[PDB]
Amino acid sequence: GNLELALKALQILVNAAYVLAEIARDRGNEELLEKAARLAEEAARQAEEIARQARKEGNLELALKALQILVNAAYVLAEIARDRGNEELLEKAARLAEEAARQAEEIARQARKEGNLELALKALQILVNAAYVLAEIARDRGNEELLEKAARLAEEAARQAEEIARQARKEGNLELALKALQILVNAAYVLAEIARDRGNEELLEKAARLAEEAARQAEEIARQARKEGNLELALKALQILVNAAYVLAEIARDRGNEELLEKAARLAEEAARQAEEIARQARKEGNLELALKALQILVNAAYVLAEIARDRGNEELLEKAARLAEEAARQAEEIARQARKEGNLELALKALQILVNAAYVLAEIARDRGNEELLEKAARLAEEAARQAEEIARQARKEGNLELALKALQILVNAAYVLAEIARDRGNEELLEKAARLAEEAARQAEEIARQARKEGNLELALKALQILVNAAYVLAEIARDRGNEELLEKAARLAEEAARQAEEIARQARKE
């Protein structure tokens, strides 16, 4: 009776259904769409059963993980339904999302009574996630009543998160305060998305106040944590500053406010400058994991700046974003190299992941600029990561370290995704086919590892392998997308149905246990 392991399997089931739904749409295959809906519905049916058992036993953490699957299932059912006019599916999706929101609010109440503020914020994140799914459904159906309910759910989450941040400060617990600020940012993003259903100016202004409230406090918390020498805390705060700036840019973009656009960009640049200084300090002290966390903020800040620059081809911001991403790529390469010399292969893989993420941001900038050399530089970064990933995977499997191997295969899938996107940017069939083969190799090794894991009875390991299958199948679907590649869509559908079927078997065994 391993409920945590069963839920992990069901999340894989939802993720596979989501991928099959995307493949079914690209190919107009109504039968495949029906199959994806049943998988998503079956995942939600079992998750809702597990939610009930978890709460009966008082395991609120497990119950929240079950509610998240309800929400993800609802999202998948709404994505399937909106193309056609499938009101019966949208109603099921709304029912699931509303049930998740209700239970989330009940658990937030109970968590706060018992003084468990971290649990309460996890309940509020589910509340925000359910509000997001409801907002999409309500926008599809032109149901203003339900849009109003989604907005009220997001606002309730932000209101409670504001209260918990104040309690957290009073207990000196700034880490917890930051988790509350992240709820504010996520709630603000949902409200702005709801307000973008034509001129709800009062909702947009509410969303902007929330995001600005989080930015202001994240910036001050980062400054103080850094002055007190608490670098790990400062970076968490800088991530929230970047996330707040992203939402402010979306609000600014929508409301045509060039002033707010510029403010959002300054916040993102300030976060990147602080992260750059923290990375240099962390490497001076020899703290490579810290340093890599700083570099990912550089990439995230650069991604925000490039998005801000999108519409109007802003020359300063695009070149600023380019230098930030290249800075992170170079330092990640250096750290990967040192980590591999010191035999620290997990650290090396984290560095390659930052390299892939930097390369993705550079490819976006190169694309918008028609910059051939930067596109080529981005592809070389992605190809460097993929090559090092398969070397680490090969050695990991040789020594029987399957978890390490799977982490390396995930890097390979991510690098293939970046290379696929560059291949789109050049209209190059050859590069596109090379990216697909990188993804196919990763999927092939992941299937064999899943088989070896299950033969040994290691179901936790096998589920991690199945997730790579899902992610690989998603990359293959993105490559065949808008190209009419029937051969590739079939390989993608095959991988996602493989993961789905094995996830179902593992869920069943975990529930017996």
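Residues carry their position along the shown sequence, with the first being 1.
Remark: stretch with higher mean C-alpha B factor among 472 to 480 and 40 to 48 is 472 to 480. Stretches 236 to 244 and 83 to 91 differ in mean C-alpha B factor, with the higher average recorded for 83 to 91. Looking only at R387, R330, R310, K350, the residue with the top Cα B factor in the deposited structure is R310. In this entry, the residue among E98, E373, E155, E346 with the greatest C-alpha B factor is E373. Sort the modelled residues of the chain by CA B factor and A301 lands in the lowest third. When the modelled residues of the chain are ordered by C-alpha B-factor, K35 sits in the highest third. Sort the chain's modelled residues by C-alpha temperature factor and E486 lands in the highest third, per the entry. Per-chain ranking of the deposited C-alpha B factor places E258 in the highest third.
For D26, the recorded CA B-factor ranks within the highest third of the chain. Only modelled residues enter the ranking.
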